[PDB]
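The chain below stands alone and is given in C-alpha cells; this is the form deposited in one PDB entry.
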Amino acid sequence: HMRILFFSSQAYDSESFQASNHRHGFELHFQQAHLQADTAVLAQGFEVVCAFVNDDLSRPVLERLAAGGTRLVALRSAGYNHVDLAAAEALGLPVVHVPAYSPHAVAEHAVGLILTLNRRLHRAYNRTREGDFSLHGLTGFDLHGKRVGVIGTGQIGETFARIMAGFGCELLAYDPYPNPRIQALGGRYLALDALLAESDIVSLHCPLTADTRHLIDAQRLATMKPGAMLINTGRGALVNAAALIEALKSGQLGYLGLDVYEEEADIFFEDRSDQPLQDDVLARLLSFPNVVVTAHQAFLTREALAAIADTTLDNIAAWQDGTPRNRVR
C-alpha cells in the first residue's frame, strides 16, 4: 500500500530500511538527491516523505510538499532543527522522528573521538602503516582523574557522562534542567562559564536552538582551560569554527573532535575528494594534527540503523492507523 520517498538516501539507508520493511510491505523509493526547493518535485504524489538531517525542510519546501500531496514528514533522525515546525503545523503536516534509536551509538563515538585525539591513534595508524614506529608527538594523557564537562545532560549526554565516569573522570554538567541521574554518577552541576573554566574535556550534547547557536564562540573559548579538548557530536552551528581555528593556532584549545560542521549540508555524505574544497574554514580545520573530523557518522552503527528503520516504519504505520507516535512539537 503506502508509498514512501526517501531523500538523501545512501546504501546503508536502503539496506536497513529494506530489512525492516519485511515487517510492513510499504513501497519504498530511494532518491539520492538532497531535499531542497528544486528537488521537492520528486515527491509529487508521495504521501510520505522520509528526510535526514541535512534535508531542507524550511517553509518553502514544506509548502511544495504539501501542495504536491505529501501528508507526513518522517525524520529518520533524532534531531529536527532543519524543520520549520511552525510552518509544518500551519500546513497540517505532521512531523515524526526517532528520539532514541541508540544514545549509546552517539556517546560511544564521542568517546572514540576523545581517545583518538588523546593517544593520537589516527597519526599512529598512518605511521605504522608505512613502517614508522617512532613515538615522538604521540604522548597522551590519562583520562582517569580529569574533569569532563558535559553540556546538555539528556539521553546522549547522560549516557556519555556515565561512560566517562567509568574511566574515573570527574563529571561536571550544565543543563537548564538538571537531572538526578547525573548526580547519582558523581556529577556536579554548575554554571556554563564555570564548566568551561574548569573542564579538561568538554562535550556538546544539547540540541541546536536559537539559544545554543554559537554557544562556543571566541569569548567562551578564551574562558576555557588552556590546552583543553572540545568535542562536538551535536550540531555544527553550536560552535563558531573560525574562532576554533584561532584558538587551535594559539594552543588555547588543545584538541578538537568534530562529527558535525556548520556548513556540512551540501558536502557531507559524499566523496568530494576530486575537487577543491570551497569552504576555507573546514579546509583549515582539517589541516591540524590535533583535530579529527568524522563526517556525521556518530549515529552510524548496525543497531542504531536497525532501530531507526524499525521506529520510522512503525511511526508511519501508526500515523496511517490514525494514532500517530513520536511527533515533533
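Position 1 is the first residue in the sequence shown; the rest follow in order.
What comes next is about the form deposited in another entry, which is not displayed.
> Between the two rigid parts that describe the motion between the shown form and the other one, do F167 and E262 belong to the same one?
Segmentation between the shown form and the other one puts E262 in the same part as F167.
> With a C-alpha distance change of 3 Å or more, do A87 and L238 lie closer or farther in the other form?
Pair moves farther apart in the other form.
> Compared with this form, is the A87-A210 Cα separation smaller or larger in the other form, the difference being 3 Å or more?
It is farther: in the other form, the C-alpha atoms of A87 and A210 lie at least 3 Å more apart than they do here.
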